[PDB]
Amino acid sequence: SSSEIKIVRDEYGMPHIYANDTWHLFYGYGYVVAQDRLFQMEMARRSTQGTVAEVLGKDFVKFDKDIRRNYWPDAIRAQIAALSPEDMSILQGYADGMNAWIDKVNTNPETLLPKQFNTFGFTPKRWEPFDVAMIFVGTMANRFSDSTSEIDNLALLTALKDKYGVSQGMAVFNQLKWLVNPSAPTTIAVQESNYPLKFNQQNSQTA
């Protein structure tokens, strides 16, 4: 019925969730994750929110400061508060399922707690929607879609203009870090289409 969640694991241990509504589907997914990967997920949580030094010590202070300086958690929170009830059920159901298994782990730690918890000296706490969202935000967004070296580029262009002069410096910057290179192999062939925009390639924002 509405409350029922069936979990089936195949011969490689891969879980298949059966449920009738969004909250219950994602609850089963969070539950099985908590069974298979609790310590990895706890540690990915601390990595994405910069709370590693809390359990691992001083060698991780700088890293935790660099994670917190790279995002604005309240903004993520405000995005979660704007979700429709169906969308919020994906993240709530997932946090609640995990919490169901974590609650069983801390009630019978002697047989259920991942050994790593005992090695690193701490026990897992429950999760909320924000934490599930940050696993994604802190990896995919704040790490895999966040790359810029513009301040270093400008320091390179500065040294290039100091070594070769203004014009040659800028043309040498365009030889080392071209904006576009027409001989690049493209996933979409030129006959299908080409990107219609043309960009400035002489730093004219400061001209």
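Residue indices: 1-based, along the sequence shown.
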item	value
Average Cα temperature factor in the PDB entry - higher stretch of 130 to 138, 106 to 114	106 to 114
18 to 26 or 182 to 190, whichever carries the higher mean Cα B-factor	18 to 26
Highest recorded Cα temperature factor - choice among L156, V32, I67, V52	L156
Of the residues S167, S47, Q175, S149, the one carrying the largest Cα B-factor as recorded	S167
Relative C-alpha B-factor of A81, binned into the chain's lowest, middle or highest third	highest
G93 - which third its CA temperature factor falls in, relative to the rest of the chain	lowest
